[PDB]
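These notes concern the structure reproduced below.
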Amino acid sequence: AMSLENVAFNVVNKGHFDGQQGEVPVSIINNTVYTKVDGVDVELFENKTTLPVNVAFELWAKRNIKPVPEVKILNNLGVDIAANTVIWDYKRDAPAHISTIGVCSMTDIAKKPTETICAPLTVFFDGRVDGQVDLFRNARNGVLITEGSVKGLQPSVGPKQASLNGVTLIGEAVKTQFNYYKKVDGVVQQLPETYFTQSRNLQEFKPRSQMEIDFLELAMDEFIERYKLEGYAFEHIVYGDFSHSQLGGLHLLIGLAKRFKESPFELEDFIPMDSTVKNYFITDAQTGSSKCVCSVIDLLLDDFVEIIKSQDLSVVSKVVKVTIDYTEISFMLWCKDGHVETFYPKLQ
Amino acid sequence: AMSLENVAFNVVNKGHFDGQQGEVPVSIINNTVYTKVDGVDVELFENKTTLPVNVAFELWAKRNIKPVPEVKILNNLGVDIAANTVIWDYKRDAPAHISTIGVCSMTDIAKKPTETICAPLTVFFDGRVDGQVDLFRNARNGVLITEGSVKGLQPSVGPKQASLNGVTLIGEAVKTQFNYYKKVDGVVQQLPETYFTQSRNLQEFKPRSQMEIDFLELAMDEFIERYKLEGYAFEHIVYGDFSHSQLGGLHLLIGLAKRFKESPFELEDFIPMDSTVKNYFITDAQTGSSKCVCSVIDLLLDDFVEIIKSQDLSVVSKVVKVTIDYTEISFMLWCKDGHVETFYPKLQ
Amino acid sequence: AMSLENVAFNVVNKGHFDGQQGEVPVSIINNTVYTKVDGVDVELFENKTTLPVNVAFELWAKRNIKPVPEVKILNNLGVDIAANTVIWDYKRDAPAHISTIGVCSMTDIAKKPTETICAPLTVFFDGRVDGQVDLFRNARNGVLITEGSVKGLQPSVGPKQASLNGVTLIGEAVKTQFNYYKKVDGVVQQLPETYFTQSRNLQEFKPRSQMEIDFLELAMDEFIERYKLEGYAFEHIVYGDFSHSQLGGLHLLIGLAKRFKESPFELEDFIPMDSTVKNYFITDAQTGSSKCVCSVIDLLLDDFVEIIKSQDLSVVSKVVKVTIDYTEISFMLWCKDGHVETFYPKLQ
Amino acid sequence: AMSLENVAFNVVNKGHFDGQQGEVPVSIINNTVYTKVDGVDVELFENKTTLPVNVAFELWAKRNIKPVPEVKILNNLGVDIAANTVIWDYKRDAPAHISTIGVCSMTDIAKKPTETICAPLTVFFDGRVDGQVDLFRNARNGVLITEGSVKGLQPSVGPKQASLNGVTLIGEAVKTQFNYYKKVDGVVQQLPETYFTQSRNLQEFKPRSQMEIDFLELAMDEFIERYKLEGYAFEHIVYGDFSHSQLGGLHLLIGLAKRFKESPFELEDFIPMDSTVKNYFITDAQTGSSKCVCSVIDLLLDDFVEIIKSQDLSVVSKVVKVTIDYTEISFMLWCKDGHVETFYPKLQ
Amino acid sequence: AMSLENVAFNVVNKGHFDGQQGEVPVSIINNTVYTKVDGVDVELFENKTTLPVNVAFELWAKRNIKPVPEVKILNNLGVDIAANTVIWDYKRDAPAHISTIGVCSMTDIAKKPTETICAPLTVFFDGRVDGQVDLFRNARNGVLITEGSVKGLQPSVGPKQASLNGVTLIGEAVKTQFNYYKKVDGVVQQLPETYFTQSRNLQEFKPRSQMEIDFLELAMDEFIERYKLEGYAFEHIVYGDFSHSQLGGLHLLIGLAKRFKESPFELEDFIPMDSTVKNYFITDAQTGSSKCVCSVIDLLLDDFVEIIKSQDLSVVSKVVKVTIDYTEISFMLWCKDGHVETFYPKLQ
Ligand SMILES: O=C(NO)c1ccc2ccccc2n1
Ligand SMILES: O=C(NO)c1ccc2ccccc2n1
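Protein chains in written order, with the deposited numbering: chain A, -1 to 346; chain B, -1 to 346; chain B', -1 to 346; chain A', -1 to 346; chain A'', -1 to 346. A prime marks a further copy of an entry chain.
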């Protein structure tokens, strides 16, 4: 018994769609959904999507409010659609997927993921919901997350963090670390060994190891000395070079966080979406050093040190592929006389 | 159990809101309501009102589909709101009234016209709906229409024509001539003696008397001779003068209809709404004679002849008040040497 | 080298997309595409679709400008998408299909219909384009049109008429009668025996048989006598009954055309789309007789006479299924004492 | 001599509508009002209301720039409209009331509050404006604020704080504490004894008593010991329980402010408007503990302690009504063995 | 080979327009430009301008990414248009100039500034781009910036700061201090001796002299004593008077910055654009002291002290003109008994 007024009733009374009966009066003006309170219109939702306002309002109300994988993980695993839920992409203020299964009559391609339309699509399944592990076993293509063991299925331990209502966190009162499973063409796929990005913010950056604590506290030369990083170009790659008009290196989020404590900078997110590697048009406010496309990855400093120290430094230019968030990230490694000149997530 | 999807279901299946149960998927984009049919969007409604699209869609679906008084009559009688119906104004593509009573949760000021909010408003009552004659008897302010006699109340015979789904017609299979009643502050009013406008179109004009048949079939001079209209300026007022840059007279719709058979002209409706007197910016295509504000009234030619022949012709300029469609219409009468120079429904 | 400016260049210079090189300056404001001519903006396209304005502009420019099957035929045959063309639905001012194959980067699900994404979809193939008869031979699901015989495939003779740039016509300078072929899961189907709707207009209705000429020229009683139609309720079904508030019958377009010559009426197309059976909210202007949902079919009068004369008239109410335009149309047949009371294309 | 260009002139030159003569060129595009400065358009106003852009621009320019009661107080007192002023609701970026009296020709229902249309509405009157105390005495329904004594009228001392240009403050250079008066149906109403919410922010929370200073400084167990709060469930109600997936208690703003100093959290304001009790969909970032509907009230901790300590703790579940901001707030009190389990502002 | 898809390709791959070949699929919906990434739409640009969305997207992509003069300087120098670049006004989120020269086919009035259409306009030229010094010499009207000496041209040393991608900074890795040159009617104009505004923020205010360090650190009376400012009304003008309902003085940004450290205030920017003197509707949160039009200038405190100490204090009211950012700023100086009462940038 789906309706705009019923979705609005649930939003007003339950904070989201909760299957409750009831209707509140709604008015739609342009891309905004309002409801009357004390005789005046109160905004319930502003449509920032390319879907019609009432359709986007319903998908947002029907968003998954449990800790879910971050959209970058779902994308890296090739997820096309979710089974009977909406994964809301808070970085885009829009549904992470184009279509739905058993969610909304306007976006639904099927009511159940067992319908033949879903067979070619990689359907996301949530083992925490009854019957979804079985649906993944019956699905030709899919990604499954579970909180525990699935008999006979070899697991892949995912990242410690998950997104709960747009807040990325490592759960203490809830479980955020899932087992991951993927199927392509009816065959369970072995997920590769992977590093995970840490999903931290520049403003609220917290070190997650003794090496990261030492990077933020120690001066550049004493950190590079303590961790035997001479010849690995951390001065350029991690700390950043702000002496020329073109900003040098600065590809690790921890390096940007260290710089940010001393002086501010503009980070233009010209493709605003969740991704393992981010590209920013950066402008350093103190110096005026800038770079149109500065690729940044948030790896734990220990993980980045392990990656760079595991490379052969005998060639001028070389592509280094590293698995991060289940995707293969190409890095461009530049060496001279057995030392690193630069190492960065390869542009385009 | 009112909803956007239910209103749309009724529109798709019943041609209008008919209280049926059911829901069809809807999408709202800008000011248009669509529904999915065979996987593609089909337009159900385009909002031309100043109300939110979903609210206007519901009032339009809940429009009165019986022959109703023309909006110009309701306006002339001071009608503010209708009891448990929507009078749709097809000339404005919008609800004739701002608010509703027992129609839509967004526009309702009350569910029943007996609520104290309605007491100061002139509520429209339709005696053809059960209990509405009694609701008018108990209302402080209101206008009542009936098909027959009401005990104790003296009737006012309204116009022969009514609007059925935006088509103004004199009913043959349905009754369109109503008895009108009005109450101001609990007192049944004596509605004044009135002429009625004929509500005809220029393209499909039909004569409704032997005088009108003779006006259309005879030449100007033999019609004026046959009906003894010499000195009443019908050459200017009714036939129109297209010899100068400013178009002379042409204030009776029958005169425009006669001209239209010979040659076309642009009639710019700069205030598009139903009214007893209409104002057009007219441009005659044959001559280039034009007038920014040409007031036009559609009176039966016999009624116009009666009005003009009942005037004192001894003053240069004078305001002549005529009750038409229950409202007071001011006409400007210009005379010289005991003869009419011009006579026109007053502008501003 | 697809671009908005290049599509606009083709529209301005070729009247549609013609693969020409060149760019014209464009401005997009709301849902309208403009181009600068002599320093001022000239409207090229107004988006009436639910797609983004620039995407809809490109699909419209890339529309098929050859005579194509009417959208109602494509829909009845279960067509989902077209191979390397856009079938423009002129009744909806929108693409007939959601997605494209080798047409536009925004709507394309594939570049060639041989891609596995297309295998479950019923792809439309035009045998007049090189290689499309062979692509249909190798397709799992599809509909093929040809002007002549195809080796091995038994044809279904389609309707005489086709749509050329939104004008439905029986071709004299072009071929509009196609052979139809259909495959479901790799198996060539036997298309059923079918009647075809005539796709005529009310304003420009032309009789296509001696029976239709006699229906329009003769009086009701002498036509029913000449064709031995007594007891078949043509007075109600075809001619229409305008004596009561609810308009009786009037379900054949020829009957509406005959009425239209005498007096006008409002036909409200509340679901504006191409379909075998149309539903109108009709209001007769002469009488005020009206009907919320008046189902109308344009069948050749001889075909309708054949259908009604081939029914058992011994039951009160019964569903009569008739294959029309390759689809199953349910009619409601009402009889009393061995005579027809009513017969109408079923509503909802 | 009201005009869009005159309103814009006043905004540009006076910072708001100040009755000055003059006109500046304006352009309206979509929902934004611009003015030309140095040959380019500069945004003057973005319409976030459901009123037409030019109408909302005028009401915003004509907003009251003196300290006025917070919208939650006006709503709790049943205020429908203001006399000859606009109370701007800065939390909704819109007028607090639908209609106006003597403010704008598009929204005005009357020019003076003495017009009979205003009699049923509760009109807000401002004793600081000449003749408004007299207008309240003559009004059938109304709310009056004054800075002092009104002869014969029993006052209600309002909150210490008022809103000045959207900034809630306790005035030092201006008076913000008003006397309140209310009339219903021509009869002056006795306003009840009430507590007042403190109207504080989470980010800039300041303690307003020694108890509040001790709550923020002392550890949970030593505060509960110092103030003899054992058995009153402050650990759940005020401090909050973040150990389970569902966040426990956390209904006093001071508790959220204390938590916020240690770790951040998302507070989703799903009904964004000023109200005595607010509902938030909260997500704790440290733990992942969340609650769809977490009712929060900003009471002075001493006032909340007084309310909870004045309750009978001998029943399992009970509704406790407390007057706050002149409205009756229902609280749900849950007890077991003579001790509080929970106490919260009752949902829906 | 300009196109929307090519501009979008450059934005996605280069962070701005960089003349690269390539096309990405784009969708335009309302005022937003999107591109498809991982099957979903990602916002590339939101149009906040009065230009069409696709046109504004192109001008923003073609914005100057080198340090450029702040828009207030260009405006004060009478700049109408820029030669072959777009100066993006980040305070208005729009192009600083209406038209372009050799930038975009929709906004271009010419391809080269040597075209006769540009002769009456003051064209901005950038000496850092090849051939632009020559173009300024050949231009009838223009403003030129250079990093060094132009033979025969007398320079004007501009401000130390410039805007790089919307960040105002004094360059360390880039040059931000330019030589300025202006031509009116083919004649090189002598730019006047001028002070420069410091372009600082309230939130991140940094003192740029020992006097500014002492103003922020010392108490009001000891600063006025140390710098011999008795009788110059700094208590009113710079520190601000918050004791009355109307906020007194507070016209120097440093005074607002000092106040901001102690308590917050609302600064309503009612004409949001870059200008030498800014007007704010200020509301002090601590006291409730407010002012509709509070003119604020960010001068180095030493420069303001020099200006006020260089005035004759023997007249009641007097206009003091001071050249700041190349424009003449009128100040209103009020004196009594040889002492300053007030001194402020003259309103309107
Ligand atoms: O003829 C009528 N058309 O509406 C009419 C007249 C008088 C009535 C009195 C009571 C109830 C209904 C009535 N209806
Ligand atoms: O007559 C035709 N109209 O499309 C037709 C028939 C058979 C064909 C077989 C192969 C290629 C093209 C063909 N074309």
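We put the CB at the ideal spot given by N, CA and C, even for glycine.
Task: Cβ neighbour criterion (16 or more within 10 Å) applied to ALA(-1)/B - done: By one-based count along the second sequence, residue -1/B stands at place 1. Exposed, by the Cβ-count rule.
Open item on the list: Quick test of your reading: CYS292/A and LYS12/A'', contact by CB under 8 Å. State the CB separation rounded to the nearest angstrom.
Closed with: The count along the first sequence starts at 1 and reaches residue 292/A at position 294. The count along the fifth sequence starts at 1 and reaches residue 12/A'' at position 14. Wrong, their Cβ atoms sit about 12 Å apart, outside the cutoff.
TODO: Examine chain B' for any beta-carbon lying closer than 8 Å to the beta-carbon of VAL24/A'', and answer yes or no.
DONE: Locating residue 24/A'' in the fifth sequence gives position 26, where the first residue counts as 1. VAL24/A'' counts as touching chain B'.
Task: Proximity winner among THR274/A', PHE279/A', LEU57/A', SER243/A', relative to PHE329/A' (alpha-carbon distances) - done: The sequence position of residue 329/A' within the fourth sequence is 331, counting from 1. Sorting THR274/A', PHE279/A', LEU57/A', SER243/A' by C-alpha distance to the C-alpha of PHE329/A' places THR274/A' at the top.
Task: Whole runs of the alpha helix (DSSP H) within the segment 68 to 96 of chain B', excluding any shorter than 4 residues - done: Complete alpha helix (DSSP H) runs here, min 4: 69 to 74.
Open item on the list: For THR112/B and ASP78/B, which I take to be in contact (beta-carbon distance under 8 Å), what is that distance rounded to the nearest angstrom?
Closed with: Position 114 of the second sequence, counted from the first residue, corresponds to residue 112/B. Position 80 of the second sequence, counted from the first residue, corresponds to residue 78/B. Rounded, the Cβ-Cβ distance is 16 Å, inconsistent with contact.
Task: Among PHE302/A', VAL53/A', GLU215/A', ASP335/A', the one whose alpha carbon lies nearest that of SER315/A' - done: Translated into positions along the fourth sequence, residue 315/A' becomes position 317. When each option's Cα is compared against that of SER315/A', the closest is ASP335/A'.
- [ ] Check whether the Cβ atoms of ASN8/B and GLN18/B sit closer than 8 Å, and answer yes or no.
- [x] On the second sequence, position 10 is the one that residue 8/B refers to. On the second sequence, position 20 is the one that residue 18/B refers to. In this structure, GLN18/B lies closer than 8 Å to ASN8/B by Cβ.
- [ ] Could you check what DSSP says for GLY140/A' in three-state terms: helix, strand or coil?
- [x] Numbered from 1 along the fourth sequence, position 142 holds the residue referred to as residue 140/A'. For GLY140/A', the three-state secondary structure derived from DSSP is strand.
Task: Proximal chain A'' residues relative to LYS34/B', where beta-carbon distance stays under 9 Å - done: Taking the first residue of the third sequence as 1, we reach residue 34/B' at position 36. Residues of chain A'' whose Cβ lies closer than 9 Å to the Cβ of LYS34/B' are, in chain order, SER103, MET104.
Task: Residue interval of the alpha helix (DSSP H) (run including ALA108/B') - done: By 1-based counting over the third sequence, the position of residue 108/B' is 110. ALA108/B' -> not in any alpha helix (DSSP H); beta strand (DSSP E) instead, spanning 106 to 108.
Open item on the list: For a contact defined as C-beta to C-beta under 9 Å, what are the partners of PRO65/B on chain A'?
Closed with: As a first step, residue 65/B must be located in the second sequence, where it is residue number 67. Per Cβ cutoff of 9 Å: no residues; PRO65/B is ~32 Å from chain A' at best.
Open item on the list: For a test of your reading of the model: does the CB of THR144/B fall under 7 Å from any non-hydrogen atom of ligand 1? Yes or no.
Closed with: Looking up residue 144/B in the second sequence gives position 146. Under cutoff, so the answer is yes.
- [ ] Please confirm whether any heavy atom of ligand 1 lies closer than 7 Å to the CB of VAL121/B.
- [x] Indexing the second sequence from 1 puts residue 121/B at position 123. Outside the cutoff, so no.
Open item on the list: Just to confirm, is the Cβ distance from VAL24/B to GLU3/B under 8 Å?
Closed with: One-based indexing of the second sequence puts residue 24/B at position 26. One-based indexing of the second sequence puts residue 3/B at position 5. Yes.
Open item on the list: Looking at chain A'', is there any beta carbon in it that lies within less than 8 Å of the beta carbon of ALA92/A?
Closed with: If you number the first sequence from 1, residue 92/A lands on position 94. Flagged as an interface residue toward chain A'': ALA92/A, by a C-beta distance shorter than 8 Å.
Task: Where the beta strand (DSSP E) through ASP124/A'' begins and ends - done: Translated into positions along the fifth sequence, residue 124/A'' becomes position 126. Unbroken beta strand (DSSP E) run through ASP124/A'': 121 to 124.
Task: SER154/B' CB to nearest heavy atom of ligand 2 below 7 Å - done: Position 156 of the third sequence, counted from the first residue, corresponds to residue 154/B'. Checking the Cβ of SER154/B' against ligand 2 gives no.
Open item on the list: Per the DSSP calculation, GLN187/A' is bridged to which residue(s)?
Closed with: Working through the fourth sequence from its first residue, we reach residue 187/A' at position 189. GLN187/A' is bridged by DSSP to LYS180/A'.
- [ ] Give me whichever residues DSSP pairs with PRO343/B' in a beta bridge.
- [x] Here residue 343/B' is taken as the residue at index 345 of the third sequence, counted from 1. Note: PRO343/B' sits in a beta bridge opposite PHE329/B'.
Task: Euclidean distance between Cα positions of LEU311/A and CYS333/A - done: Position 313 of the first sequence holds residue 311/A. Position 335 of the first sequence holds residue 333/A. Roughly 6 Å between the two C-alpha positions.
Open item on the list: Cutting at 7 Å between CB atoms, please list the residues of its own chain near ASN74/B, excluding the five before and the five after it.
Closed with: Start at 1 with the first residue of the second sequence, and residue 74/B comes out as number 76. For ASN74/B, where only same-chain residues beyond five positions count, the Cβ hits under 7 Å are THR274, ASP323, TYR324, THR325.
Open item on the list: My output table needs one value for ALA59/A': the three-state DSSP class, helix, strand or coil.
Closed with: Taking the fourth sequence and counting its residues from 1, the one referred to as residue 59/A' is at position 61. Note: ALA59/A' maps to helix in three-state DSSP.
Task: Helix, strand or coil at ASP300/A'' according to DSSP, with G and I counted as helix - done: Here residue 300/A'' refers to the residue found at position 302 of the fifth sequence. Correct three-state label for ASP300/A'': helix.
Task: C-beta contact flag for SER154/B' and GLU68/B' at 8 Å - done: Within the third sequence, the letter at position 156 stands for residue 154/B'. Within the third sequence, the letter at position 70 stands for residue 68/B'. Not a contact, by the Cβ cut-off of 8 Å.
TODO: My understanding is that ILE99/A' touches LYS110/A', with C-beta atoms under 8 Å, so please give their C-beta distance in whole angstroms.
DONE: By 1-based counting over the fourth sequence, the position of residue 99/A' is 101. By 1-based counting over the fourth sequence, the position of residue 110/A' is 112. Your pair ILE99/A' and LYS110/A' checks out as a contact, with CB atoms roughly 7 Å apart and the cut at 8 Å.
Task: DSSP-derived helix/strand/coil call for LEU216/A' - done: Residue mapping note: residue 216/A' aligns to position 218 of the fourth sequence, counting from 1. Three-state DSSP puts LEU216/A' in coil, outside helix and strand.
Open item on the list: Please confirm whether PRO118/A has its beta-carbon closer than 8 Å to some beta-carbon of chain B'.
Closed with: On the first sequence, residue 118/A is found 120 positions in, with the first residue counted as 1. So, interface residue.
- [ ] Using three-state DSSP, classify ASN163/B' as helix, strand or coil.
- [x] Counted from its first residue, the third sequence places residue 163/B' at position 165. DSSP places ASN163/B' in coil when its eight states are reduced to three.
Open item on the list: Following a CB-centred definition, is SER147/B positioned closer than 7 Å to any heavy atom of ligand 1?
Closed with: If you number the second sequence from 1, residue 147/B lands on position 149. For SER147/B, the distance from the CB to the nearest heavy atom of ligand 1 is below 7 Å.
- [ ] Would you please verify whether the beta carbon of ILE107/B is less than 8 Å from any beta carbon of chain A'?
- [x] Position 109 of the second sequence, counted from the first residue, corresponds to residue 107/B. Taking 8 Å as the threshold, the shortest C-beta distance from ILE107/B to chain A' does not fall below it.
Open item on the list: If you follow the alpha helix (DSSP H) that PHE232/B is in, where does it begin and where does it stop?
Closed with: Counting from 1 along the second sequence, the entry for residue 232/B is found at position 234. Residue range 232 to 235 is occupied by the alpha helix (DSSP H) that includes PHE232/B.
Task: Beta-carbon contacts of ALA92/B that lie in its chain and below 6 Å, excluding the five residues immediately before and after - done: Indexing the second sequence from 1 puts residue 92/B at position 94. Within its own chain, the residues whose Cβ lies closer than 6 Å to the Cβ of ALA92/B, once the five positions on either side in sequence are excluded, are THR47, listed in chain order.
- [ ] Anything in the segment 167 to 200 of chain A with a Cβ closer than 7 Å to a Cβ of chain A'? List those residues in chain order, please.
- [x] So the close ones are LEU167, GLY169, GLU170, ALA171, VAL172, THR174.
TODO: Apply the 10 Å Cβ neighbour rule to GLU215/B and answer buried if 16 or more other Cβ atoms are within range, or exposed otherwise.
DONE: Along the second sequence, one-based indexing puts residue 215/B at 217. Label assigned to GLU215/B: exposed.
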